[PDB]
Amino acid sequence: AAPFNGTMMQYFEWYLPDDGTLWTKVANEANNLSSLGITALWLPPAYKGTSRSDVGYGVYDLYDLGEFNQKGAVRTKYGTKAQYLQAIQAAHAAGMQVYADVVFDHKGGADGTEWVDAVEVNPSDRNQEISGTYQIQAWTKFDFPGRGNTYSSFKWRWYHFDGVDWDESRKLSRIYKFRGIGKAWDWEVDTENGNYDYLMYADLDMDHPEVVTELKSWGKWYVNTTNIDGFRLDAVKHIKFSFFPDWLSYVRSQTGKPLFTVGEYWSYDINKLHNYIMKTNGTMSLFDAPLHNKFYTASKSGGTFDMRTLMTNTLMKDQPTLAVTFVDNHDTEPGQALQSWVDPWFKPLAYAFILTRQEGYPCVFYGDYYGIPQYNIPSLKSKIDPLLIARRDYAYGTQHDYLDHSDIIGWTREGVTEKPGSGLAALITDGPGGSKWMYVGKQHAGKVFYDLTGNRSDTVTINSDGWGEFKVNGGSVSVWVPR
């Protein structure tokens, strides 16, 4: 048939104002985004957090999609339940898929405390206990006073969690592990800090049968209510590895939907990512964090970065079909947790790289597209749109790589017969400009190519052999496509 590349978009950024307008914006922008070739949207957590202003990762109630009066308000930072459903309707009507953010690591905003026997563990080695057992007052009682028993009568208590990091009685910060039959940090998880199961708030015990059943019930309920098309999994390295293949297979079989899933395993070590994929049987894709670090490193190297090494040890290279590529996200933003913002000059080159190459499933960042007023970061829509059109109409077929110079690197796509007019030749450089002969295909012999980005006004004519001498300006990008 006539193919169309897949392109995802993270539709949110950290510093959005708490005005309950995001769901409305999704409904309003759906067709515009759709026409550019965006095929799926990753939406932020839609359920009630610790307060109305919570970005969503301080999850309080998974069944409150901005519908009940809990935590100071009815709506979430993004809007109400009815608005969320309308957003999903608009996206589907425009032909796009919707991925929902899933936060299963912890739970915060407890309604009350409970006295629990606990032991302190070494922050740098959670496997080592550093105190005797003693009673603490932990925030583990979840009753959901605003919701009651609507949708689910499940009440959370201390035994559904593995530990917390605050004793309300003595007002102390310690990593507390709960005592009890079968109580222990989950495994397997990331080994940093000995065992990185515990992260923040009340840590979920993935070994507790009732917790597993409850999350499986929520999954089915969520999909059957919203009709979402996939998931974005939060903090997977802090969650028992074997839990997800189990949860996913259940939800997929019960709903009958394929449910594409991408998990966030934050690590620049490609080995840990390989291990995770192996341990989960390729049941989900992962964000290519290592590639983000590459982009970031190159942007700060003032041209000295060796472009020939750009793909080395990245998921895009090792597991192209399970890699979700990106330039920046809500965590890499200035002032954030994993801040490592790619400099503006390099940003368009990075987008050309992930949007026109065949490896990976690219994700465009809301912050980059619409700008981030918080830090006077402008909208790059003018630079990104031409690249979106490139992916939509031209980036198809056999690829030829030219990662053979410390500055200027390129690649071509021959195009496909089922997509007339397709074919492309891209060049990017982190230093001075120049030219490079590249093979686009004998089938394009005699055709004239032009720079879709608009950066260059000259044209390139393909010789009888299918080769062209493409050009690029210094510290820039040029995407050549047939007239």
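Sequential numbering from 1, following the sequence displayed.
Averaged over CA atoms, B-factors in the entry run higher in 115-123 than in the other of 365-373 and 115-123. The PDB entry reports B-factors from which the mean C-alpha value can be compared for 173-181 and 128-136; the larger average falls on 128-136. When the C-alpha B factors of 66, 56, 415, 432 are read from the deposited coordinates, the top value falls at 432. The entry assigns its greatest Cα B factor, within the set 89, 301, 325, 314, to 301.
Ranked within its chain, residue 458 lands in the highest third, by CA B factor from the PDB record. The PDB entry assigns residue 477 a C-alpha temperature factor belonging to the middle third of its chain's modelled residues. In this PDB entry, the Cα temperature factor of residue 143 sits in the top third of its chain's modelled residues, the highest group.
Remark: residue 268 belongs to the highest third of its chain, ranked by C-alpha B-factor as recorded. Sorting the modelled residues of the chain by their CA temperature factor places residue 438 in the middle third.
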